[PDB]
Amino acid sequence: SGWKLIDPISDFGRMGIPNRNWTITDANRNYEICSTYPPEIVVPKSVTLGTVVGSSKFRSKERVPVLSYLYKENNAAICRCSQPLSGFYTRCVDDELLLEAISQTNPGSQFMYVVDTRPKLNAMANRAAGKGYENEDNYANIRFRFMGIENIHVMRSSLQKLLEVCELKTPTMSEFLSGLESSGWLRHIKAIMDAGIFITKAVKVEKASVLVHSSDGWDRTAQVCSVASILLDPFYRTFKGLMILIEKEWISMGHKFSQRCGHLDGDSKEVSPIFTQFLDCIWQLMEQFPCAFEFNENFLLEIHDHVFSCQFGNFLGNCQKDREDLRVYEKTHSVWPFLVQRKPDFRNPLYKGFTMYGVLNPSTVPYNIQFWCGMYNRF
């Protein structure tokens, strides 16, 4: 019952789903569509199972396009998936049909964005290894954009570089700022945010739906989709809101916490501070909007702690099927009740409530993107 406190799928309820446009399939009830997706997924109503599975077989690791967020007010939505398996030549009808079907849930807009979170160069590299990205020729009325966020290896490097600098024996400012710049860390934070802001404007301003993918659709995809949601919707700026976004977009959707956070092996090329960057992105917004969020800096820092402590079950393993196999929902407890106990210590006292802010328009002029002391004092 501790576990019934935060149910990711209720959030779909909150955006008026199911409806004329979107339904919740249990088709993945036994992980038959995709082994790293949740049992329940949301796809367009107008699509058959055969089209979903056929798309699945054209997406990397079967991570088929699936809804992440719907903006009630204008019906624009954000979807997420892995990269396509197109190479230089291959097309797939069921795939092309599924993206065609997503855009049709927003008849208003004449085109749909396909946002690729990667740099063009990396997308090209993956295309040469039999993967790649969608072609504007084979996908009717799409507008392809690269976001340019680097991969997990570059991120692990960047953080390693920054901590090495921060631990220097009595350094000057010029030494420190030189090292900060070298690490690239704030470039990476700034990139993720900018990609968030791009998608936000796509959805709010242009009223256009967006399909987001990275390579595997579970690192940069989770970051940038989450950030966009926090930008669009006040709900995710609340205790329950954020608790929910994390269970939905990170935990259930199969960000590999056990591998990324080193629960079993810390010396692996699979370790990377991807969830850290996401919390950092929320921190940046809090700094820029001292009144917009219900929670304070401490909330994020405690969440970050238990992502690593393994004190709770929420973040164990690398997907929902893993967690089900670990019997985690029966034999362990959930963070969220535990953190709800401690809300007194987590409340932003400058918070101006739910109805105050709508969509946030931060600036990412670099003097706004700052080193986060409270965080790079826990490493």
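The numbering used is simple: start at 1 and walk along the sequence shown.
- On average the C-alpha atoms of 325 to 333 have higher B-factors than those of the other stretch, with 311 to 319 and 325 to 333 being the two compared.
- For the two regions 353 to 361 and 7 to 15, the entry's Cα B-factors average higher over 353 to 361.
- Between the residues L121, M155, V224, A76, it is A76 that shows the highest Cα B-factor in the PDB record.
- By the numbers in the PDB entry, the CA B factor is greatest at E100 among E100, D116, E150, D194.
- In this PDB entry, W218 carries a Cα temperature factor that places it within the middle third of its chain's modelled residues.
- When the CA B factors of the chain's modelled residues are split into thirds, the value for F257 lands in the lowest one.
- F111: CA B factor lies in the highest third for its chain, per the PDB record.
- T238: CA B factor in the middle third of modelled residues in this chain (values from the PDB entry).
- The PDB entry assigns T48 a C-alpha temperature factor belonging to the highest third of its chain's modelled residues.
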